[PDB]
Structures are given as C-alpha cells and as structure tokens.
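Colleague: Hey, dropping work_0.txt in here, compact mmCIF, C-alpha atoms and all ligand atoms:
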# COMPACT_ATOMS: atom_id res chain seq x y z
CA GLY A 3 10.14 -2.86 -125.47
CA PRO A 4 10.32 -6.63 -124.89
CA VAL A 5 9.39 -9.01 -127.71
CA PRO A 6 6.12 -10.85 -126.91
CA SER A 7 5.95 -14.59 -126.31
CA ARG A 8 3.28 -17.33 -126.48
CA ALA A 9 3.10 -20.86 -125.12
CA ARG A 10 3.71 -23.29 -127.99
CA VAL A 11 1.00 -25.60 -126.61
CA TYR A 12 -2.35 -25.21 -124.87
CA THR A 13 -2.16 -21.60 -125.96
CA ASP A 14 -5.90 -20.90 -126.04
CA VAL A 15 -7.32 -23.39 -123.52
CA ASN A 16 -8.73 -20.64 -121.29
CA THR A 17 -10.03 -18.41 -124.08
CA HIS A 18 -12.35 -21.26 -125.12
CA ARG A 19 -13.37 -22.27 -121.60
CA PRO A 20 -16.43 -20.67 -120.03
CA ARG A 21 -15.56 -17.45 -118.17
CA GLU A 22 -16.52 -19.20 -114.91
CA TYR A 23 -13.54 -21.53 -115.37
CA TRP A 24 -10.75 -18.94 -115.12
CA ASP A 25 -12.49 -15.96 -113.53
CA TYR A 26 -11.57 -16.99 -109.99
CA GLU A 27 -12.43 -13.59 -108.50
CA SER A 28 -16.12 -14.29 -109.15
CA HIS A 29 -15.91 -17.78 -107.65
CA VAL A 30 -18.35 -18.47 -104.81
CA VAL A 31 -16.85 -20.78 -102.19
CA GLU A 32 -18.85 -23.80 -101.08
CA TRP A 33 -18.21 -24.27 -97.35
CA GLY A 34 -18.12 -27.60 -95.54
CA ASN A 35 -18.60 -28.31 -91.84
CA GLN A 36 -15.58 -27.22 -89.81
CA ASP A 37 -16.57 -29.63 -87.02
CA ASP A 38 -15.80 -32.59 -89.27
CA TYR A 39 -12.08 -32.01 -88.82
CA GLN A 40 -9.92 -32.34 -85.73
CA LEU A 41 -6.35 -31.08 -85.88
CA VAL A 42 -3.73 -33.61 -84.76
CA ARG A 43 -0.28 -32.10 -85.27
CA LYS A 44 1.31 -29.07 -86.89
CA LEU A 45 3.38 -29.99 -89.94
CA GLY A 46 4.78 -26.56 -90.74
CA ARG A 47 4.01 -23.13 -92.09
CA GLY A 48 4.82 -20.92 -95.05
CA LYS A 49 4.57 -17.19 -95.60
CA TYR A 50 0.90 -17.70 -96.40
CA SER A 51 -0.40 -20.61 -94.33
CA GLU A 52 -0.01 -23.18 -91.57
CA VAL A 53 -0.44 -26.87 -92.35
CA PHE A 54 -1.67 -29.54 -89.94
CA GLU A 55 -2.20 -33.25 -90.02
CA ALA A 56 -5.83 -33.83 -89.00
CA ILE A 57 -8.58 -36.42 -88.85
CA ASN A 58 -11.93 -36.41 -90.62
CA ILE A 59 -14.22 -37.61 -87.83
CA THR A 60 -16.94 -38.63 -90.29
CA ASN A 61 -14.76 -41.45 -91.69
CA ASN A 62 -11.85 -41.49 -89.23
CA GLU A 63 -9.55 -40.87 -92.21
CA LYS A 64 -6.32 -38.90 -92.00
CA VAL A 65 -6.42 -35.58 -93.86
CA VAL A 66 -4.30 -32.44 -94.08
CA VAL A 67 -5.58 -28.99 -93.21
CA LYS A 68 -4.02 -25.83 -94.58
CA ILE A 69 -5.15 -22.74 -92.72
CA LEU A 70 -4.62 -19.71 -94.94
CA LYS A 71 -2.94 -16.75 -93.25
CA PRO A 72 -4.89 -13.46 -93.55
CA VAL A 73 -2.63 -12.35 -96.41
CA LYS A 74 -3.34 -11.41 -100.03
CA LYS A 75 -7.10 -12.06 -100.21
CA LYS A 76 -7.06 -12.40 -104.02
CA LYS A 77 -4.90 -15.52 -103.83
CA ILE A 78 -7.51 -17.45 -101.82
CA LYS A 79 -10.10 -17.90 -104.55
CA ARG A 80 -7.36 -18.41 -107.12
CA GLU A 81 -5.94 -21.43 -105.30
CA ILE A 82 -9.41 -22.78 -104.56
CA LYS A 83 -10.60 -22.45 -108.16
CA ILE A 84 -7.46 -24.05 -109.54
CA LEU A 85 -7.74 -26.96 -107.12
CA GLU A 86 -11.39 -27.49 -108.03
CA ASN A 87 -10.60 -27.24 -111.75
CA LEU A 88 -7.85 -29.84 -111.46
CA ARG A 89 -9.56 -32.22 -109.04
CA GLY A 90 -9.41 -35.86 -110.12
CA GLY A 91 -6.56 -35.23 -112.56
CA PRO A 92 -3.54 -37.56 -112.57
CA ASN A 93 -1.30 -37.05 -109.54
CA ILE A 94 -3.00 -33.78 -108.52
CA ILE A 95 -3.50 -33.46 -104.75
CA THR A 96 -7.21 -33.77 -104.00
CA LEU A 97 -9.00 -30.90 -102.28
CA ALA A 98 -11.49 -32.74 -100.06
CA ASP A 99 -13.24 -29.77 -98.44
CA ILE A 100 -13.04 -26.08 -97.59
CA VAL A 101 -14.04 -24.88 -94.15
CA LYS A 102 -13.98 -21.62 -92.20
CA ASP A 103 -11.55 -21.80 -89.27
CA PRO A 104 -13.12 -20.12 -86.24
CA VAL A 105 -9.78 -19.09 -84.69
CA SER A 106 -7.95 -17.71 -87.71
CA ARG A 107 -11.20 -16.48 -89.24
CA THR A 108 -9.83 -17.54 -92.62
CA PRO A 109 -10.43 -20.43 -95.01
CA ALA A 110 -8.92 -23.80 -94.23
CA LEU A 111 -8.39 -26.15 -97.18
CA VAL A 112 -8.71 -29.85 -96.42
CA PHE A 113 -6.54 -32.13 -98.57
CA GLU A 114 -6.10 -35.85 -99.03
CA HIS A 115 -3.30 -37.21 -96.84
CA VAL A 116 -0.20 -38.67 -98.49
CA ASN A 117 2.06 -40.88 -96.39
CA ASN A 118 5.18 -39.29 -97.84
CA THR A 119 8.92 -39.66 -97.29
CA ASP A 120 10.79 -36.36 -96.83
CA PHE A 121 12.68 -35.60 -100.05
CA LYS A 122 15.94 -35.03 -98.17
CA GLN A 123 15.88 -38.66 -97.02
CA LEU A 124 14.22 -40.02 -100.16
CA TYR A 125 16.51 -38.56 -102.82
CA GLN A 126 19.43 -40.33 -101.11
CA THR A 127 17.85 -43.70 -101.86
CA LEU A 128 16.26 -43.31 -105.29
CA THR A 129 17.54 -45.78 -107.84
CA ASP A 130 17.93 -44.92 -111.52
CA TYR A 131 14.65 -46.72 -112.18
CA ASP A 132 12.94 -44.82 -109.35
CA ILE A 133 14.00 -41.44 -110.74
CA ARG A 134 12.63 -42.30 -114.16
CA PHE A 135 9.42 -43.67 -112.66
CA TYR A 136 8.74 -40.65 -110.46
CA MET A 137 9.73 -38.16 -113.17
CA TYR A 138 7.14 -39.73 -115.45
CA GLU A 139 4.52 -39.42 -112.70
CA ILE A 140 5.37 -35.75 -112.23
CA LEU A 141 4.99 -35.21 -115.97
CA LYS A 142 1.48 -36.71 -115.86
CA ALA A 143 0.53 -34.04 -113.34
CA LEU A 144 2.19 -31.23 -115.29
CA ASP A 145 0.78 -32.19 -118.67
CA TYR A 146 -2.62 -32.33 -117.01
CA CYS A 147 -2.51 -28.90 -115.40
CA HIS A 148 -0.96 -27.30 -118.51
CA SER A 149 -3.67 -28.91 -120.69
CA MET A 150 -6.17 -27.37 -118.30
CA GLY A 151 -4.68 -23.90 -118.80
CA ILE A 152 -2.79 -23.74 -115.51
CA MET A 153 0.88 -23.29 -114.64
CA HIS A 154 2.05 -24.46 -111.21
CA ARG A 155 4.96 -22.00 -110.80
CA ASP A 156 6.40 -23.65 -107.69
CA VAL A 157 7.66 -27.05 -108.79
CA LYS A 158 10.32 -28.18 -106.31
CA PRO A 159 10.98 -31.31 -104.24
CA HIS A 160 8.92 -30.25 -101.22
CA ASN A 161 5.86 -29.86 -103.44
CA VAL A 162 6.12 -33.34 -104.90
CA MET A 163 4.82 -35.63 -102.18
CA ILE A 164 5.86 -39.23 -102.65
CA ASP A 165 4.57 -42.29 -100.87
CA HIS A 166 7.46 -44.62 -101.65
CA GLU A 167 5.64 -47.67 -100.28
CA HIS A 168 2.77 -47.56 -102.77
CA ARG A 169 4.82 -45.73 -105.39
CA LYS A 170 2.24 -42.93 -105.31
CA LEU A 171 2.94 -39.26 -106.10
CA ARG A 172 0.99 -36.00 -105.63
CA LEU A 173 1.82 -32.49 -106.83
CA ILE A 174 0.86 -30.16 -103.97
CA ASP A 175 0.68 -26.46 -103.01
CA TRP A 176 -1.10 -24.75 -105.85
CA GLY A 177 -0.92 -21.47 -103.93
CA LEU A 178 1.35 -19.92 -106.55
CA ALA A 179 -0.42 -21.40 -109.57
CA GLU A 180 -1.96 -19.20 -112.27
CA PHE A 181 -4.19 -19.40 -115.33
CA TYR A 182 -2.28 -18.98 -118.57
CA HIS A 183 -3.70 -16.36 -120.93
CA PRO A 184 -1.81 -15.52 -124.13
CA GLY A 185 -0.09 -12.14 -123.88
CA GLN A 186 -0.57 -11.80 -120.13
CA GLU A 187 2.31 -10.46 -118.03
CA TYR A 188 2.91 -12.30 -114.77
CA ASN A 189 4.70 -11.59 -111.50
CA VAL A 190 8.30 -12.81 -111.74
CA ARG A 191 8.38 -13.23 -107.94
CA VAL A 192 7.28 -16.86 -108.04
CA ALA A 193 9.00 -20.21 -107.41
CA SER A 194 11.77 -20.99 -104.92
CA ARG A 195 15.21 -19.50 -105.67
CA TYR A 196 16.96 -22.67 -106.85
CA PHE A 197 14.09 -23.53 -109.21
CA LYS A 198 13.45 -20.10 -110.74
CA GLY A 199 13.60 -20.11 -114.53
CA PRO A 200 15.92 -17.73 -116.40
CA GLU A 201 12.75 -15.85 -117.49
CA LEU A 202 12.08 -14.89 -113.87
CA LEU A 203 15.72 -14.06 -113.21
CA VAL A 204 15.94 -11.64 -116.16
CA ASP A 205 12.58 -10.07 -115.32
CA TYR A 206 10.68 -11.34 -118.37
CA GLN A 207 6.98 -11.33 -117.52
CA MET A 208 5.29 -12.94 -120.52
CA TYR A 209 6.13 -16.50 -119.48
CA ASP A 210 4.07 -19.72 -119.59
CA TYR A 211 3.80 -23.42 -118.71
CA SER A 212 7.40 -23.87 -119.79
CA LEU A 213 8.52 -22.28 -116.50
CA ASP A 214 7.51 -25.53 -114.76
CA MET A 215 9.72 -27.49 -117.14
CA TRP A 216 12.79 -25.52 -116.10
CA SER A 217 11.96 -26.25 -112.46
CA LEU A 218 11.53 -29.94 -113.33
CA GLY A 219 14.92 -29.91 -115.02
CA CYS A 220 16.48 -28.50 -111.84
CA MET A 221 14.91 -31.32 -109.87
CA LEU A 222 16.16 -33.90 -112.38
CA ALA A 223 19.70 -32.51 -112.25
CA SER A 224 19.68 -32.68 -108.45
CA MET A 225 18.48 -36.30 -108.56
CA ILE A 226 20.73 -37.81 -111.23
CA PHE A 227 23.84 -35.91 -110.06
CA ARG A 228 23.08 -36.24 -106.37
CA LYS A 229 23.52 -32.51 -105.76
CA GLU A 230 20.51 -30.81 -104.13
CA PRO A 231 19.96 -28.15 -105.12
CA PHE A 232 21.79 -28.21 -108.44
CA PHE A 233 22.02 -24.46 -109.08
CA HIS A 234 22.86 -23.17 -105.60
CA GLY A 235 22.64 -19.38 -105.70
CA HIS A 236 23.02 -17.14 -102.67
CA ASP A 237 20.47 -14.67 -104.03
CA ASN A 238 18.43 -14.14 -107.21
CA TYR A 239 21.34 -12.52 -109.01
CA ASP A 240 23.95 -15.12 -108.07
CA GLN A 241 21.29 -17.69 -109.06
CA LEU A 242 21.55 -16.57 -112.69
CA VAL A 243 25.36 -16.50 -112.46
CA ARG A 244 25.33 -20.12 -111.23
CA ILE A 245 23.17 -21.08 -114.20
CA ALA A 246 25.43 -19.22 -116.63
CA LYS A 247 28.49 -21.06 -115.31
CA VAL A 248 26.83 -24.22 -116.67
CA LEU A 249 24.79 -23.13 -119.72
CA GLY A 250 27.31 -20.44 -120.67
CA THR A 251 27.00 -16.69 -121.11
CA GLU A 252 26.79 -16.51 -124.91
CA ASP A 253 23.51 -18.43 -124.96
CA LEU A 254 22.25 -16.23 -122.12
CA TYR A 255 22.93 -13.15 -124.24
CA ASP A 256 21.29 -14.87 -127.22
CA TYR A 257 18.21 -15.43 -125.05
CA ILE A 258 17.88 -11.88 -123.77
CA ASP A 259 18.67 -10.56 -127.26
CA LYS A 260 15.89 -12.65 -128.81
CA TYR A 261 13.31 -11.08 -126.50
CA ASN A 262 14.99 -7.66 -126.56
CA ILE A 263 15.50 -7.89 -122.77
CA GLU A 264 18.25 -6.05 -120.90
CA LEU A 265 20.04 -7.59 -117.91
CA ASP A 266 19.90 -5.68 -114.64
CA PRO A 267 23.11 -3.64 -114.89
CA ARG A 268 24.11 -5.10 -111.52
CA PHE A 269 25.25 -8.17 -113.49
CA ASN A 270 27.99 -6.09 -115.10
CA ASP A 271 30.51 -6.94 -112.38
CA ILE A 272 29.38 -10.44 -111.43
CA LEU A 273 28.35 -12.30 -114.60
CA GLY A 274 31.71 -12.78 -116.34
CA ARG A 275 32.23 -14.91 -119.45
CA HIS A 276 31.55 -18.66 -119.30
CA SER A 277 31.59 -21.48 -121.83
CA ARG A 278 28.68 -23.91 -122.03
CA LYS A 279 29.63 -27.10 -120.19
CA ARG A 280 29.01 -30.68 -121.24
CA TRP A 281 26.77 -32.52 -118.75
CA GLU A 282 29.36 -35.27 -118.26
CA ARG A 283 31.29 -32.71 -116.21
CA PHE A 284 28.90 -33.42 -113.33
CA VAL A 285 29.22 -37.21 -113.43
CA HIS A 286 31.40 -38.96 -110.88
CA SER A 287 31.77 -42.35 -109.22
CA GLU A 288 29.05 -41.68 -106.64
CA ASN A 289 26.30 -40.67 -109.10
CA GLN A 290 27.28 -42.53 -112.29
CA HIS A 291 24.74 -45.31 -111.73
CA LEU A 292 21.98 -42.69 -112.02
CA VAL A 293 23.33 -41.30 -115.27
CA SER A 294 22.83 -42.53 -118.84
CA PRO A 295 22.99 -40.90 -122.26
CA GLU A 296 19.19 -40.78 -122.21
CA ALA A 297 19.16 -38.97 -118.84
CA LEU A 298 21.65 -36.37 -119.99
CA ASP A 299 19.85 -35.69 -123.28
CA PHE A 300 16.52 -35.39 -121.51
CA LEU A 301 18.05 -33.03 -118.96
CA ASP A 302 19.72 -31.02 -121.71
CA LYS A 303 16.35 -30.53 -123.39
CA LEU A 304 14.64 -29.30 -120.22
CA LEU A 305 17.34 -26.85 -119.17
CA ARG A 306 17.26 -24.28 -121.98
CA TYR A 307 17.46 -20.54 -121.37
CA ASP A 308 14.80 -19.94 -124.03
CA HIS A 309 11.53 -21.03 -122.44
CA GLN A 310 10.19 -21.60 -125.98
CA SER A 311 12.87 -24.23 -126.67
CA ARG A 312 12.21 -26.45 -123.66
CA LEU A 313 10.45 -29.79 -123.98
CA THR A 314 6.76 -29.61 -123.20
CA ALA A 315 5.43 -32.02 -120.63
CA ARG A 316 3.88 -34.14 -123.37
CA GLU A 317 7.07 -34.09 -125.45
CA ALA A 318 9.01 -34.99 -122.33
CA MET A 319 6.85 -38.11 -121.83
CA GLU A 320 7.85 -39.23 -125.33
CA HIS A 321 11.57 -39.16 -124.42
CA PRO A 322 13.69 -42.36 -124.66
CA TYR A 323 14.62 -41.82 -120.98
CA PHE A 324 11.21 -43.28 -120.16
CA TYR A 325 11.39 -46.31 -122.45
CA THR A 326 12.54 -48.54 -119.57
CA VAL A 327 9.72 -47.44 -117.23
CA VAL A 328 6.96 -50.04 -117.11
CA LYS A 329 3.71 -48.54 -118.37
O1 LIG A 401 -0.42 -26.89 -99.52
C1 LIG A 401 -0.95 -27.86 -100.10
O2 LIG A 401 -1.52 -28.11 -101.18
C2 LIG A 401 -0.68 -29.15 -99.37
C3 LIG A 401 -1.42 -30.30 -99.69
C4 LIG A 401 -1.13 -31.52 -99.06
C5 LIG A 401 -0.08 -31.60 -98.11
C6 LIG A 401 0.65 -30.47 -97.79
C7 LIG A 401 0.35 -29.23 -98.43
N1 LIG A 401 1.69 -30.51 -96.87
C8 LIG A 401 2.00 -31.67 -96.25
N2 LIG A 401 3.08 -31.77 -95.31
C9 LIG A 401 3.93 -30.71 -94.87
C10 LIG A 401 5.19 -31.05 -94.42
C11 LIG A 401 6.06 -30.08 -93.96
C12 LIG A 401 5.66 -28.75 -93.95
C13 LIG A 401 4.40 -28.40 -94.39
CL1 LIG A 401 3.96 -26.73 -94.38
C14 LIG A 401 3.52 -29.38 -94.85
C15 LIG A 401 1.28 -32.87 -96.52
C16 LIG A 401 1.60 -34.10 -95.87
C17 LIG A 401 0.88 -35.25 -96.17
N3 LIG A 401 -0.13 -35.21 -97.07
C18 LIG A 401 -0.45 -34.07 -97.71
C19 LIG A 401 0.24 -32.86 -97.44
Would you put the structure from the file into structure tokens?

Modeller:
Amino acid sequence: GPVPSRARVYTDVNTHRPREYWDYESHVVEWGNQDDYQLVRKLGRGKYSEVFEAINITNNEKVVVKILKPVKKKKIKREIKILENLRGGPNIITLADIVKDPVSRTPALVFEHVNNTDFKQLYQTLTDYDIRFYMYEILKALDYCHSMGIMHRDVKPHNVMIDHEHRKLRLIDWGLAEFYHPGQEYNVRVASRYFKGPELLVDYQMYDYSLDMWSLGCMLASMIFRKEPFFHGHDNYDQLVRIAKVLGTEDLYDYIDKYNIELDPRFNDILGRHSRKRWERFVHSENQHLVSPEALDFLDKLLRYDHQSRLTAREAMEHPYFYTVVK
C-alpha cells in the first residue's frame, strides 16, 4: 500500500509526554461558573458551534463564548485538552474558562477577546512590512503548537485574529487540531477547501505538522499577490487541479509516486498536463510593492507538494524574508 511518512521534526514529542497530556478522552473537565458570563451579541456559527461576544461580570472584561453544538462528542475533550496544553504559548488564543450552558446543555468555552479587523478589510491594507511582521507572529504560534505535539489543521485567514492597533495576533479555533503520533493515520476531511494540502487532496492519511505550512503558504500567496484565495477551486477535485496549474503535473506525479499513492481516477479527465510556473507570473503593478525575491523564495519553499520538503515553522523563521522585521 502507501509508503509511510514521519514528521521531520518534533516526531516523538507525545511519546515522551505523560499519557495524560495526549489522552484527551480521559480528560476530566474543570467547570467554571456559568453565571459569570453574560452574552452580548452573536458573532457567528460554524457546523459545530455558535460564537458570541460576552462580558465577564466578575471583571467587566469583554470575552468570547463558543457554545459547542451537540455534535461529535469526542471532539469536545480534544479541543479542550489542546487549548489547555497550549495555554500561555506565543500567540495562542487563551481559554479563560469552560462552563456548562443551561440552554444548549453543552460546554461553552470562554476565550480572551481580541479586538480584530476582519481579514477581508485588513488584507486590502497590509503593507509589505505588515505581511512580514504578521507572518512571523503566525510562525511563533505554529512552531509552538508543533513543538507541543499538536497540528492545527485549519490555518486560514479567519482563524488568525489580528488586532491591527496593537499589532497583536492570536491563532484561534483549535476545534480541528490533533495530536501528532508517528505512524498515525488521520482524517483527510480537515481544513477549508482553499487551504487543504495536496496530502489531503490525494487522500494520504499519514500527514503531520507540515500540513499547516501548506495552509500558511496559501495565506502568504493570497497576501503578497493580493488574490484571496490564491488557489480557488470549485470543489476538492478542482482544488488539486488549480494547484497543479501552478506547481505543475510532473511534480504532482512525482509526489504520489514517492508515497505509492494513486489519484482518484476521476482526475483522468480533468487534470491535464501543466508545466510548473515561475512565481513572477503572478506579479503585476497592483501587487508588486508586496513582492520581493525573498518573499517569492519563502513562498516557493512553503508550497511544495511533498509535505516532507516544506519548510518547518522554525526553519521558516530563519528565512531572509524576515530579516527586515524588527525583533
Ligand atoms: O473558536 C475559537 O477558538 C474562537 C476563539 C476566539 C474568537 C473566536 C473563536 N471568534 C471570534 N469572532 C468571530 C467572528 C465571526 C464569526 C465567528 Cl463564528 C466568530 C472572536 C472575536 C474576538 N475575539 C476572539 C474571537
């Protein structure tokens, strides 16, 4: 069958942690006082939850409350344990409390509030320096969670909350995050379409932290080229075709051949043959001020078919692209 794969870094972080650390199913939730929190306004909802702005009446501080929909019980403790494991880490959203909602009869997670600017509006205004600055901040969060044996699996602009006033960033929504264990096969139905790594799109289950680095590359491409999203597929199959029109089909076949993976035969009549493109193809007068040789090389090293070939978060932070960012 498929050739096995291992993360090239933080491979055995969880094997050497106490079982309590990664065995989220055995986690016992510590419950706070639901009366401490008053809901103020609904912010939105996902397939799995509804999110509200709220107020902590013990300190009159703004917080966010995420009421988990009664769906997929298993996922509850997983998200909670991951949040508790990562609490205090650089640019990780802080879980402030966990309470039982009396209406939904499900857990409600209480998070720190970030005074963010919607990415749709924000990406339009980011300068070159801003993109480098915020990329570096995202990498701090990703190197941290990876070093702690966790992959996020849903890196995308919505989940990177940025307070542009105080230049503060938080990686949110760890609802899809998982513990990395060498040799483990994972669900490929993770991440948002435009940010799904080639591993997911070719149904390769033995993936790792490097999935997040593909997603980061997709964000970077959208920012420096001012095209959001960058790979704009109409479904999961067209998504891979869009990628192959840029990275080329020969390197896609090299990738699947390396892992002895077969494409879904439905690609037979949609994939075609495509050359690899040079990144300069995507530069034009309206985005050129965001582009530099350093940006393109960094991007090039994130967006590899082979998850094993991508920059790690730590390697990424060493890139010349970040030399100009004040440390
Ligand atoms: O899920 C979490 O970890 C999570 C954690 C924190 C926030 C969040 C989701 N969603 C927010 N806003 C938001 C905006 C639009 C739609 C939805 Cl559903 C949510 C938000 C805003 C300000 N500060 C923290 C958060």

Colleague: Mind checking which residues fall within 8 Å of segment 46-50 of chain A, counting only C-alpha atoms, ignoring those fewer than 3 positions away in the same chain, and posting them as a VMD selection string?

Modeller: chain A and resid 53 to 54 70 to 73

Colleague: Show me which residues are within 10 Å of ligand LIG 401 (chain A) counting all atoms listed in the file, and format the list as a PyMOL selection string.

Modeller: chain A and resi 44-56+64-70+81+85+94-97+111-120+160-165+172-177

Colleague: Looking at A:10, A:228, A:43, A:198, which one is nearest to residue 284 of chain A, with distances taken over all atoms listed in the file?

Modeller: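 The shortest atom-to-atom distance to residue 284 of chain A comes from A:228.
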
Colleague: Using only C-alpha atoms, determine which residues lie at most 10 Å from segment 178-188 of chain A, disregarding the query and same-chain residues fewer than 4 positions distant; provide the list as a VMD selection string.

Modeller: chain A and resid 6 to 9 12 to 17 23 to 26 77 80 to 81 84 to 85 147 to 148 150 to 157 192 to 193 202 205 to 211

Colleague: Is it possible to get the residues within 7 Å of (0.2, -34.6, -111.9) (coordinates as in the file, counting only C-alpha atoms) written as a list in words?

Modeller: residues 91, 92, 93, 94, 139, 140, 141, 142, 143, 144, 146, 172 and 173 of chain A

Colleague: For residue 325 of chain A, work out the shell of residues within 10 Å, counting only C-alpha atoms and skipping chain neighbours fewer than 4 positions away, then give it as a ChimeraX atom specification.

Modeller: /A:134,296,319-321,329

Colleague: Any chance you can output those residues with C-alpha atoms as a CSV table (one decimal), in the coordinates of the input?

Modeller:
chain,number,residue,atom,x,y,z
A,134,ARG,CA,12.6,-42.3,-114.2
A,296,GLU,CA,19.2,-40.8,-122.2
A,319,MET,CA,6.8,-38.1,-121.8
A,320,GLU,CA,7.8,-39.2,-125.3
A,321,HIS,CA,11.6,-39.2,-124.4
A,329,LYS,CA,3.7,-48.5,-118.4

Colleague: For residue 282 of chain A, please output as a PDB file with C-alpha atoms, in the coordinates of the input all residues within 12 Å (counting only C-alpha atoms; exclusion window: fewer than 6 positions along the same chain).

Modeller:
ATOM      1  CA  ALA A 223      19.700 -32.510-112.250  1.00  0.00           C
ATOM      2  CA  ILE A 226      20.730 -37.810-111.230  1.00  0.00           C
ATOM      3  CA  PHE A 227      23.840 -35.910-110.060  1.00  0.00           C
ATOM      4  CA  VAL A 248      26.830 -24.220-116.670  1.00  0.00           C
ATOM      5  CA  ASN A 289      26.300 -40.670-109.100  1.00  0.00           C
ATOM      6  CA  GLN A 290      27.280 -42.530-112.290  1.00  0.00           C
ATOM      7  CA  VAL A 293      23.330 -41.300-115.270  1.00  0.00           C
ATOM      8  CA  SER A 294      22.830 -42.530-118.840  1.00  0.00           C
ATOM      9  CA  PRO A 295      22.990 -40.900-122.260  1.00  0.00           C
ATOM     10  CA  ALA A 297      19.160 -38.970-118.840  1.00  0.00           C
ATOM     11  CA  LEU A 298      21.650 -36.370-119.990  1.00  0.00           C
ATOM     12  CA  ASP A 299      19.850 -35.690-123.280  1.00  0.00           C
ATOM     13  CA  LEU A 301      18.050 -33.030-118.960  1.00  0.00           C
ATOM     14  CA  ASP A 302      19.720 -31.020-121.710  1.00  0.00           C
TER      15      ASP A 302
END

Colleague: Between atom CA of residue 276 of chain A and atom CA of residue 246 of chain A, what is the spacing in Å?

Modeller: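 For atom CA of residue 246 of chain A relative to atom CA of residue 276 of chain A, the distance reads 6.7 Å.
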
Colleague: Atom CA of residue 127 of chain A to atom CA of residue 288 of chain A: how many Å, to one decimal?

Modeller: 12.3 Å

Colleague: Write out as an MDAnalysis selection string which residues come within 9 Å of residue 327 of chain A when counting all atoms listed in the file, dropping same-chain ones fewer than 6 positions away.

Modeller: chainID A and resid 131:132 134:135 138

Colleague: To one decimal in Å, tell me the separation between atom CA of residue 19 of chain A and atom CA of residue 191 of chain A.

Modeller: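 The value is 27.2 Å.
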
Colleague: Given the choices A:204, A:225, A:31, A:41, which gets closest to residue 285 of chain A if the distance is worked out from all atoms listed in the file?

Modeller: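 For residue 285 of chain A, the nearest of the given residues is A:225.
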
Colleague: Please complete segment 243-258 of chain A so it has N, CA, C and O atoms, and hand it over as a compact mmCIF listing (two decimals), keeping the file's coordinate frame.

Modeller:
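Result written to rebuild.txt:
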# COMPACT_ATOMS: atom_id res chain seq x y z
N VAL A 243 23.93 -16.30 -112.21
CA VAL A 243 25.36 -16.50 -112.46
C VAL A 243 25.69 -17.99 -112.36
O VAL A 243 26.42 -18.52 -113.20
N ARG A 244 25.13 -18.67 -111.36
CA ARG A 244 25.33 -20.12 -111.23
C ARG A 244 24.85 -20.85 -112.47
O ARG A 244 25.49 -21.81 -112.92
N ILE A 245 23.72 -20.43 -113.02
CA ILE A 245 23.17 -21.08 -114.20
C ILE A 245 24.10 -20.83 -115.38
O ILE A 245 24.37 -21.73 -116.16
N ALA A 246 24.58 -19.60 -115.50
CA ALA A 246 25.43 -19.22 -116.63
C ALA A 246 26.78 -19.91 -116.59
O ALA A 246 27.39 -20.12 -117.64
N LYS A 247 27.25 -20.28 -115.41
CA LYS A 247 28.49 -21.06 -115.31
C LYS A 247 28.34 -22.47 -115.89
O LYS A 247 29.33 -23.14 -116.19
N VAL A 248 27.10 -22.91 -116.09
CA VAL A 248 26.83 -24.22 -116.67
C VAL A 248 26.36 -24.12 -118.12
O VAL A 248 26.90 -24.79 -119.00
N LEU A 249 25.35 -23.29 -118.37
CA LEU A 249 24.79 -23.13 -119.72
C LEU A 249 25.58 -22.15 -120.60
O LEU A 249 25.39 -22.11 -121.82
N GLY A 250 26.46 -21.38 -119.97
CA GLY A 250 27.31 -20.44 -120.67
C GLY A 250 26.67 -19.07 -120.83
O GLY A 250 25.44 -18.94 -120.82
N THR A 251 27.50 -18.05 -120.98
CA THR A 251 27.00 -16.69 -121.11
C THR A 251 26.58 -16.32 -122.54
O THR A 251 25.69 -15.50 -122.72
N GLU A 252 27.19 -16.91 -123.55
CA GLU A 252 26.79 -16.51 -124.91
C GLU A 252 25.34 -16.89 -125.21
O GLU A 252 24.60 -16.12 -125.83
N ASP A 253 24.90 -18.05 -124.74
CA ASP A 253 23.51 -18.43 -124.96
C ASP A 253 22.55 -17.63 -124.07
O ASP A 253 21.38 -17.45 -124.43
N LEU A 254 23.04 -17.14 -122.93
CA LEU A 254 22.25 -16.23 -122.12
C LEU A 254 22.04 -14.92 -122.86
O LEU A 254 20.91 -14.43 -122.94
N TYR A 255 23.10 -14.35 -123.42
CA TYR A 255 22.93 -13.15 -124.24
C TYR A 255 22.05 -13.40 -125.46
O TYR A 255 21.26 -12.54 -125.84
N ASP A 256 22.16 -14.57 -126.09
CA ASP A 256 21.29 -14.87 -127.22
C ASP A 256 19.82 -14.84 -126.79
O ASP A 256 18.96 -14.36 -127.52
N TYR A 257 19.56 -15.37 -125.59
CA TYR A 257 18.21 -15.43 -125.05
C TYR A 257 17.65 -14.04 -124.82
O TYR A 257 16.57 -13.72 -125.31
N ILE A 258 18.38 -13.22 -124.07
CA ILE A 258 17.88 -11.88 -123.77
C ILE A 258 17.80 -11.05 -125.04
O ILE A 258 16.89 -10.23 -125.19
